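Here's the structure we're looking at; comments come further down.
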Amino acid sequence: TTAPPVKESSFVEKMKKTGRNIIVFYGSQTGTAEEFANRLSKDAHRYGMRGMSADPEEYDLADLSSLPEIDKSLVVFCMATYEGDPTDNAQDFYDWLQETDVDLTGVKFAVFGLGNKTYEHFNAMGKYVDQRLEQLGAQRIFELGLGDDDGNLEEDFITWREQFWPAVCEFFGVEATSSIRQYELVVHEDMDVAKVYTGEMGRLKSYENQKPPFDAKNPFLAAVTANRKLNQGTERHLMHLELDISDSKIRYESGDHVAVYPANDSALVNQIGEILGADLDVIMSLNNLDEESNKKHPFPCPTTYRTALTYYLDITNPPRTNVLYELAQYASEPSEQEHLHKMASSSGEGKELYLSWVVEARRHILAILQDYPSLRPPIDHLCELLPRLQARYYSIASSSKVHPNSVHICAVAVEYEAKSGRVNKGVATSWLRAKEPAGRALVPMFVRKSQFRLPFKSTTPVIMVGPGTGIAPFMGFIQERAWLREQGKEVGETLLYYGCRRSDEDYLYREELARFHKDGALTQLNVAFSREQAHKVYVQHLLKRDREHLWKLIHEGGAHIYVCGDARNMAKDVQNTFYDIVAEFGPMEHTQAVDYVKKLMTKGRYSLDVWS
Ligand SMILES: Cc1cc2nc3c(=O)[nH]c(=O)nc-3n(C[C@H](O)[C@H](O)[C@H](O)COP(=O)(O)OP(=O)(O)OC[C@H]3O[C@@H](n4cnc5c(N)ncnc54)[C@H](O)[C@@H]3O)c2cc1C
Ligand SMILES: Cc1cc2nc3c(=O)[nH]c(=O)nc-3n(C[C@H](O)[C@H](O)[C@H](O)COP(=O)(O)O)c2cc1C
Ligand SMILES: Nc1ncnc2c1ncn2[C@@H]1O[C@H](CO)[C@@H](O)[C@H]1OP(=O)(O)O
């Protein structure tokens with residue numbers, strides 16, 4: 001559930017007033033689709049047209065029926081998919097699409113879906129919108145784009161976009177017409193301190209003066225009460241943090257996710273300013289040159305560049321091609337300007353260089369500024385080009401039944417040697433690792449309700465599979481199932497299938513799990529130590545070992561299956577093992593076993609909390 005915002009007045013009438021003929025809506029949750037929509041809206045101008053981006057949530061898409069009132073009009077949808085559903089901001093549009101009977105005759109559209117092939121329902125939202133608009137009477141002007149974040153989404157967009165525009169120009173009889181700034185810089189001298197943002201996300205001083213309810217736009221600064229290392233070795237750093245949410249009025253259940261707004265590495269920020277020869281402490285504002293847009297700034301303003309680079313901008317992920325394309329003008333060495341220019345190529349050496357030199361090598365903006373030393377853009381323009389710093393999600397590792405005023409986190413710190421030649425540090429995990437309990441160590445956060453939940457009936461059996469940090473939500477599940485037993489409730493079997501390299505090196509929550517097992521909260525504690533023998537022993541091997549009993553729990557006990565952790569290979573391997581279990585004991589042919597397992601998913605008996 002989520003209260004709906006007050007809609008803006010019809011977007012078509014706004015297009016008429018502003019001379020726009022193309023509008024690109026974005027269904028986005030991590031800002032990717034938003035960037036893609038903005039890029040397409042900007043492209044229009046280079047083809048003799050004029051566009052605008054827009055959040056579908058702020059509008060009534062029913063006005064699409066009025067779009068034909070504008071000559072040679074066109075609407076484009078850049079939609080990402082999440083858990084097989086629309087992004088939060090596109091749920092309204094989705095619901096309307098299903099219930100409406102409105103006739104969209106005359107409407108011209110195009111859709112670029114953002115997805116990831118490793119998920120069950122790949123690009124489910126983009127596919128639905130593309131098909132539904134046509135059923136409603138609209139006509140497709142260009143083929144559905146299927147972006148796959150498992151390969152390279154940026155390239156899928158480049159390829160689609162390169163074909164899209166010629167198609168649009170050809171159909172509407174328009175033609176291809178210099179760098180253009182979206183914002184203008186306004187430096188502020190003598191400005192009061194009370195009016196300068198310092199990292200807050202919503203209203204000025206919202207971090208200092210905390211007022212509920214707390215959410216993505218108004219995060220609660222939670223005190224880190226505990227932050228300890230969970231593993232023994234020095235190979236990696238796995239940690240457990242406990243955030244105090246007392247007096248926040250925030251509610252949560254095991255299975256939910258906790259999001260945090262981190263701060264970038266200050267040395268990284270410092271170095272960017274230094275290499276550009278810029279004063280990061282200048283207070284300024286970037287104001288939209290289009291006084292009509294509601295998006296007055298790229299991020300909270302006024303503020304210093306240092307604050308923007310630290311809290312509002314992404315300065316670690318590989319820059320996307322349009323950014324490097326716009327920065328090329330600032331490279332005084334011809335050969336460097338040429339490389340940056342060609343990064344936007346849909347094929348050839350330009351594309352190959354971008355994929356290996358920028359993406360594979362994981363070069364962040366500073367690395368590029370260092371490796372292409374002639375590249376010296378003005379700081380204000382770079383800040384306008386960089387993407388927004390996103391919050392990071394973690395599977396809450398505690399049960400609100402046991403810890404109603406504390407939200408636990410289990411994570412592995414990200415730190416690796418990149419082919420770019422430097423050690424790359426994970427933004428959120430490096431920041432979290434540094435938070436020391438007791439001044440207060442505060443973490444801006446909020447909770448996102450998920451559908452990953454323990455069975456309603458205490459008696460229903462639970463099968464938990466979560467190797468490595470995948471154990472996170474299960475520490476919450478187990479705490480809760482233990483609590484239910486302590487409260488006199490009858491609890492069905494609770495089985496954990498966990499995995500790590502070695503018992504004495506990275507066996508997370510070893511002591512806590514042993515106790516739950518001893519007390520009976522855990523009916524079985526099955527642990528696969530992948531490196532204690534020559535052969536790899538994984539959780540799926542244990543599931544295969546216990547195939548007969550698991551089938552009993554699944555077929556006779558109505559047991560619920562839960563998988564958390566690596567979605568790339570572990571999740572699939574585990575799924576395939578369940579297919580094999582069902583096939584042997586049904587019995588039934590593979591094809592039928594697959595349908596059976598996918599059916600458990602729809603019936604809410606096989607849930608996933610997987611990530612990359
Ligand atoms: C719903 C959901 C639940 C999650 N739950 C948890 C959880 O409970 N515990 C947990 O630990 N994580 C979990 N995560 C992952 C978490 O959100 C972050 O992505 C993770 O903590 C890293 O964030 P960061 O800011 O530290 O690193 P970032 O700065 O975001 O960097 C991450 C990127 O670094 C790159 N990278 C990482 N290692 C390498 C490498 N070795 N070589 C090349 N590239 C690499 C990859 O592109 C990776 O995407 C979850 C993610 C989702 C979506
Ligand atoms: C928790 C999570 C769940 C996802 N579920 C799906 C999914 O079901 N189907 C799909 O095609 N892509 C899925 N994706 C991939 C996103 O759709 C893809 O990364 C998209 O580029 C994100 O766009 P955004 O930044 O505009 O929200 C998922 C990503 C995350 C992080
Ligand atoms: N494909 C897979 N299926 C199940 N577990 C896997 C897996 N790949 C790696 N693991 C194991 O997941 C645990 C947490 O990372 C480790 O024991 C790791 O073992 P490995 O690293 O020795 O391969």
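We count residues from 1, following the sequence as given. Counting starts at 1 for both ligands and their atoms, following the listed order. Only heavy atoms go into these numbers, but all of them, side chains included; no hydrogens, no water, no symmetry mates.
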How far is atom 16 (C) of ligand 1 from its nearest protein heavy atom, and which residue and atom is that?
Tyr393 O, 3.3 Å
Answer with side chain, backbone, both or neither: which part of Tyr416 has a heavy atom less than 4.0 angstrom from an atom of ligand 1?
side chain
With atoms numbered from 1 as shown, which atoms in ligand 2 lie under 4.0 angstrom from a non-hydrogen atom of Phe122?
11 (O)
Could you list which atoms of ligand 1 come closer than 4.0 Å to a heavy atom of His257?
1 (C), 3 (C)
Going by atom types only, do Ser53 and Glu34 share a side-chain donor-acceptor pair under 3.5 Å?
no
What are the atoms of ligand 2, with element, lying closer than 4.0 Å to any heavy atom of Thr32?
23 (O), 24 (P), 25 (O), 26 (O)
For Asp149, the ligand 2 atoms whose distance to one of its heavy atoms is below 4.0 Å:
19 (O)
Ion pair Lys351/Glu155, N-O distance below 4.0 Å:
yes
Examine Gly84 against ligand 2 and note whether any of their N/O atoms are separated by less than 3.5 Å.
yes
Protein heavy atom at shortest distance from atom 47 (O) of ligand 1:
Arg362 NH1, 2.9 Å
Does the protein put any heavy atom within less than 4.0 Å of atom 45 (C) of ligand 1?
yes
Answer yes when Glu154 and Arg39 have at least one side-chain N-carboxylate O distance shorter than 4.0 Å, and no when they do not.
yes
Distance to 0.1 Å, residue and atom name: give those for the protein heavy atom nearest to atom 21 (O) of ligand 1.
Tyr394 OH, 2.7 Å
Closest protein heavy atom (residue, atom, distance) for atom 12 (N) of ligand 1
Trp611 NE1, 3.6 Å
Pull out every atom of ligand 2 sitting under 4.0 Å from any heavy atom of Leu153, numbered as shown with elements.
21 (O)
Between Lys42 and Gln182, is any side-chain donor less than 3.5 angstrom from a side-chain acceptor?
yes
So is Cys410 polar-close to ligand 1, meaning N/O to N/O under 3.5 Å?
yes
Which of the atoms of ligand 3 are close to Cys500, meaning less than 4.0 Å from one of its heavy atoms?
17 (O)
Using 30° and 60° as the class limits, which term best fits the ring planes of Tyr498 and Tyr507: parallel, tilted or perpendicular?
tilted
With a cut-off of 6.0 Å (strictly less than), are more than 12 heavy atoms of other residues, nucleotides or ligands near CD of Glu436?
no
Quick check on contacts: which atoms of ligand 2 are under 4.0 angstrom from a heavy atom of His121?
7 (C), 8 (O), 9 (N), 10 (C), 11 (O)
Find all atoms of ligand 2 within a distance of less than 4.0 Å from any non-hydrogen atom belonging to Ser28, and give their numbers and elements.
24 (P), 25 (O), 26 (O), 27 (O)
Please determine if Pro467 has a nitrogen or oxygen closer than 3.5 Å to a nitrogen or oxygen of ligand 3.
no
Looking only at N/O atoms, are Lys425 and ligand 1 under 3.5 Å apart anywhere?
no
Which residue and atom name correspond to the protein heavy atom nearest atom 31 (O) of ligand 1, and how close is it?
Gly426 CA, 4.5 Å
Would you say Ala33 has any N or O atom under 3.5 Å from an N or O of ligand 2, going by distance alone?
yes
Which segment of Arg531 sits under 4.0 Å of ligand 3 when only heavy atoms are counted:
side chain
When you check the gap from the basic side-chain N to the acidic O, do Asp148 and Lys117 get nearer than 4.0 Å?
yes
Heavy atom of protein inside 4.0 Å of atom 9 (N) of ligand 1, strictly below
yes
Does only the side chain of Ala418 get under 4.0 Å from ligand 1, or the backbone, or both, or neither? Count heavy atoms.
neither
What atoms in ligand 2 come closer than 4.0 Å to a heavy atom of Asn123?
10 (C), 11 (O)
So if I count the atoms of ligand 1 from 1 in the order they appear, which ones are less than 4.0 Å from some heavy atom of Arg392?
23 (O), 25 (O), 28 (P), 29 (O), 30 (O)
Can you tell whether the side chains of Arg236 and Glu415 come within less than 4.0 Å, N to carboxylate O?
no
Any nitrogen or oxygen of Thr429 lying under 3.5 Å from a nitrogen or oxygen in ligand 1? Just yes or no.
yes
Taking distance alone, with N or O pairs closer than 3.5 Å, would you say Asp573 contacts ligand 3?
yes
What protein heavy atom sits nearest atom 22 (C) of ligand 1, and how far off is it?
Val414 CG2, 3.9 Å
Between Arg320 and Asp314, is the closest basic N to carboxylate O distance under 4.0 Å?
no
